[PDB]
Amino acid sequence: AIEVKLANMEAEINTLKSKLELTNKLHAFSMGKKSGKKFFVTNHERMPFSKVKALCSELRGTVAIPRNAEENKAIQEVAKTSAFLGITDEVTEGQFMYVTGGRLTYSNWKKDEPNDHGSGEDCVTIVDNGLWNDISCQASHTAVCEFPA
């Protein structure tokens, strides 16, 4: 009996695991996730970069990163307003790197940017028309997380 009860419970667990994965898929679909594309989402809350990283990380996601023009637009329509991107030049000034590793490939800088203005700007925000501006990491901007395709 015990071996049988255990086997039956293992079957229930597998079913429940599939049901939760279905829940995640239906949720992403309902929130706009496109086939074969990363899922971008925001709660429309503005906060310093460190908080955005902690928040996305707590959801098992990462701060949104545009790898190409298409993703840059996708992020732009989700945010609506100025939002941090998962990019910083904290290591070597002028050398922007993804918070998940690697050198910046695609970029969409606004004219005269990046200018590492004032006391310094090592974070990046996507703003009007999807263009980018480097800004202080301590400034508050919209939190946008990304989840894998």
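Numbering starts at 1 and follows the sequence shown. Only the largest set of C-alpha atoms that superpose within 1.5 Å between the two forms is called the rigid core.
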- Note on the structure: Judged by RMS Cα deviation after a rigid core fit in 5 other deposited structures of this protein, the more variable of 87-95 and 116-124 is 87-95
- Message: Do the Cα atoms of 45-53 or of 107-115 sit farther, on average, from the shown structure in 5 other deposited structures of this protein when the rigid core is superposed?
- Response: 107-115
- Note on the structure: The stretch whose C-alpha atoms carry the larger average B-factor in the entry, 6-14 or 125-133, is 125-133
- Query: Which is higher on average in the deposited entry, the C-alpha temperature factors of 29-37 or of 102-110?
  - Reply: 102-110
- Among the candidates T88, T62, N43, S119, give the one with the maximum CA B-factor reported in the record. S119
- Message: Split into thirds by Cα B-factor across the chain's modelled residues, where does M47 land: lowest, middle or highest?
- Response: middle
- Task: Comparing against every modelled residue in the chain, figure out the third that the C-alpha B-factor of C56 lands in (lowest, middle or highest).
- Result: lowest
- Sorting the chain's modelled residues by C-alpha B-factor and splitting them into thirds places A83 in the lowest
- Would you mind checking where the Cα B-factor of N24 ranks among the modelled residues of its chain, as the lowest, middle or highest third? lowest
